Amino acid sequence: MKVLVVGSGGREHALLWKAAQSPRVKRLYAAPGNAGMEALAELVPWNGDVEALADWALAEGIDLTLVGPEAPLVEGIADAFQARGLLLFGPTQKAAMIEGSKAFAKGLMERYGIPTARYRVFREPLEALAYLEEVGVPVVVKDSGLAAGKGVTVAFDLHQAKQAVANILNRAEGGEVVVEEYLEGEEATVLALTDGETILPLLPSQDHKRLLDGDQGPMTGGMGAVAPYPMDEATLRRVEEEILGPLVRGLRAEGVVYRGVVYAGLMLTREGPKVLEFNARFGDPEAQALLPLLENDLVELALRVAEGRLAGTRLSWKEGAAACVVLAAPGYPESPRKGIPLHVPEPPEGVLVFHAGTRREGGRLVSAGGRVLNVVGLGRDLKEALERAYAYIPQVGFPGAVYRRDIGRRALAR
């Protein structure tokens, strides 16, 4: 059987690696993959064109395509493949777009009582000022007309909070501003699987969004991940009965069949767990920490999801833990320095090494992109995982490598 993994980072290399373990798979293809994935699949120099890839896959005789990153989904890759009659693990454009909008997320915590961060939007000041007194402080003031994370302010003042909103609504004639309640509690990730009817959550994990040790510095796409993240069973049960279950129920209401990964980012509060954001794919490096612990045959699992037969399965995991540590390039995430020639020696038993941005400029291997390498500790104990992993990073030849050192700390602390 021929399988196609779409992406260019560790998550894809990870998926490409787990797919292999399947006895059904004959050949593997990475589009576009990277220098690291060349050892498991034939690299496909994709240009991002969705229908193009579809056609190629059709021509090539691909039997199942696993989509890693998000953009291809919102760009309709699933849509394009189905048209060609191909099996693509992943939601369709319309489904992915609805499932990930904040608008929808709201309609759920309005029609299903989904426990989520209490926020609201405004365009006129006097409005947004009577809302602050309501939520309290800290409070987050983000420049809505700036969809990207920039402009955000975590105010500790009603004093500074106002100065935050007023600033935006007096830049000349601009516009929108969002005021969202700041929740206390550790953040965690609950990835899940779904075919429209059934939703199976995987082992809860914990990402380290922050670039620097101390959950400090600029927000990044994930400096690391550990799994499973120590979470009370009543909480995980709360999460699937209050968050997961209704998501599905509300997703079918909008008239769409969502089949694929469901990323549920969330804060764990005393009030309970609260969704922060929904996504339509395995997060990175979330994937790199879970896939080695997953027992099921990834191909077999995928098929169920895409064909809508998830109800007849049961995720099984190993008896241990995994910790992924990102080894980003100096300059990440603002302006990553490229080319950095690096050397990565064979890892000892208990340490898997995934590539998230590596290229071959001839015979040698070089860095390419923000995050470059992935070291994943495998232990039957989180510490062991973390120890093997950090015990290895110093062997890697990535001079100037930016890598947090406290990945796993919050977890180890129960």
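The first residue of the shown sequence is 1; numbering continues from there.
Which of 67-75 and 235-243 has higher mean CA B factor, as the PDB entry lists it: Mean CA B-factor is higher for 235-243.
Residue range whose averaged C-alpha B-factor is higher in the record, 9-17 or 391-399: Averaging CA B-factors over each stretch, the winner is 391-399.
Out of 32, 379, 36, 369, residue topping the C-alpha B-factor column of the entry: The record points to 369.
Identity of residue with top Cα B-factor, from 186, 99, 213, 157: Going by the entry's C-alpha B-factors, 157 comes out highest.
Third of the chain, ranked by Cα B-factor, where residue 208 sits: It belongs to the lowest third of the chain when residues are ordered by C-alpha B-factor.
Third assignment of residue 310 from its chain's C-alpha B-factors: Middle third of the chain for residue 310's C-alpha B-factor.
Residue 255 CA temperature factor, ranked by third within the chain: As the PDB entry reports it, the C-alpha B-factor of residue 255 lands in the middle third of its chain.
Third of the chain's Cα B-factor distribution that residue 281 belongs to, per the entry: For residue 281, whose C-alpha B-factor we compare with every modelled residue in the chain, the answer is the lowest third.
Third assignment of residue 45 from its chain's C-alpha B-factors: Lowest third.
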